[PDB]
Every structure is written in structure tokens, then in C-alpha cells.
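**Student:**
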Amino acid sequence: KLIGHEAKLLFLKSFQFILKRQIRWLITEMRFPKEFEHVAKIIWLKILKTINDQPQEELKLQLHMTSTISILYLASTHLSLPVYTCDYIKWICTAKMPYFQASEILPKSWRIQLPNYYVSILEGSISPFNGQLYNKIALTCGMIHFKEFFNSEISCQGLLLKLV
DNA sequence: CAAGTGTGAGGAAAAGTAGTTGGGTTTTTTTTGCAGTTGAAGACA
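Quick note on numbering: the entry's author numbering labels position 103 of the first sequence as 196, and the sequence is numbered without any gaps.
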């Protein structure tokens, strides 16, 4: 039950939390060592950097259900391990991601952290429409300045194989 | 043929809050024994 800046801070925090839970199932499923884990961290460390700057009372951040996978997608692309469609289908099919419902957290309490123009909107609101999927991957790249930072973006001779 | 600024709204969701009701205490301001006695109507010198 918190409104305003600090409501945002833990909405921030919770967002922080689930992405991390997302990443570790990431490792278990793909077993792609420290590497997958740490690149993902700093990626959001980088994402956080900008959020603090336009703070004051900037509440444009609260990321969408999609921002998290865009983040993991961007980081993977760095690592260039896989593909998007395959990743998305696999994730939905096995609920590999905690993406769908936001009750996990470790919140019990973050849940009650009331919603404050936030936390309630997190975890499992809806399924992606059209580009919409990327309509934010691009934004994240925008926030990130990702292309300069990370090598070989979107590539994969593996998507071609997957496709044939 | 084609690419590019400016921008209004549509939509979602948990909890609150509405309407309609009821419950709910609350809260509350037929003589059966006795003995005596008074007053009565009636009566009298």
C-alpha cells in the first residue's frame, strides 16, 4: 500500500526480482554458464541506469509484460544462443518463464505492497499482439543503445535451420 | 511511388465502493384464613 516514488521503487524491485527468476530457469533450461547470467544482469543494470536519471517523479518505466523477455532476448542475442519464435513457443508450451503470472516474486508481501500504479499490473496481464512483441525490443535497444554495446545482433544461421 | 512529424485514445485490473437487502440485537424511556375495624342503613325517644 504505497503510492508515488517509493511505490515505484518496489514496483521497480519486483520487476527486478522476476526477471532474475526468469534468467535462472534460463540457465537450467539452456545451461549456458556464468556467461548467460552476468550479461543479463548488467543489461538490466544498464536499463536501471537510465531509469534513475529521469527520476524526480518519472514514472514512465514500469516495464511491460514484454520488456522482460525483450531483455532476455537482447542478452541472448549478445550470446547469440537462439531465436525468438522458437524461444517464445517453447516458453509458452512449458511455461518455462514465470512470465505468465506475477504471483511468484517472493512477494506474498510485494503483492500486498498494494499495487501503487504498479505491482498489480505486473506478471501475466496479456498475450502479445503483432509486432508489439518487438515494439519494445526496439525501445529497449533505444534505452540500451544495445547495438553499440553488443555484438552480432539478430543473426543465427540457426533460425534458418529451425525453419527448413 | 514513397518516406517522414505531430499526436488521442483504447484498454486493463485490484481493490474499493455502489445498491439492495436483511439481520440484529441494540437499545430504552382464578379466595385460599384470619380478626379486627370503619362507614353505612336502619331504627329509636
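The beta-carbon is built from N, C-alpha and C at its ideal position, and this holds for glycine as well.
1. Can you tell which of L174, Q225 and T159 has its C-alpha closest to the C-alpha of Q194?
2. Within a Cβ cutoff of 7 Å, which residues of the same chain sit near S248, ignoring the five residues on either side of it in sequence?
3. Is there contact between the segment 140-158 and the segment 228-244, where contact requires at least three CB pairs shorter than 8 Å?
4. Give the single residue among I182, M190, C186 and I185 whose Cα lies nearest to the Cα of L165.
5. Quick one: what does DSSP say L215 is sitting in, helix, strand or coil?
6. Could you have a look at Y227 and say whether DSSP puts it in helix, strand or coil?
7. Determine, using beta-carbon pairs with one atom in the segment 237-255 and one in the segment 145-153, whether at least three such pairs fall under 8 Å.
8. One question on the structure: do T161 and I111 come within less than 8 Å of each other, judged by their Cβ atoms?
9. Could you tell me the distance, in whole angstroms, from the CA atom of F129 to the CA atom of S169?
10. Measuring only the C-alpha atoms, how far is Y210 from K127?
11. Which residue's Cα is closest to the Cα of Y227: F104, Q115, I185 and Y177?
12. Assuming contact is defined by CB atoms lying nearer than 8 Å, are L154 and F239 in contact in what I supplied?
**Tutor:** From the atom records:
1. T159
2. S173
3. yes
4. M190
5. coil
6. In this structure, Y227 counts as coil in the three-state DSSP scheme.
7. no
8. yes
9. 7 Å
10. 35 Å
11. Just measuring C-alpha positions, the residue of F104, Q115, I185 and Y177 sitting nearest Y227 is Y177.
12. no
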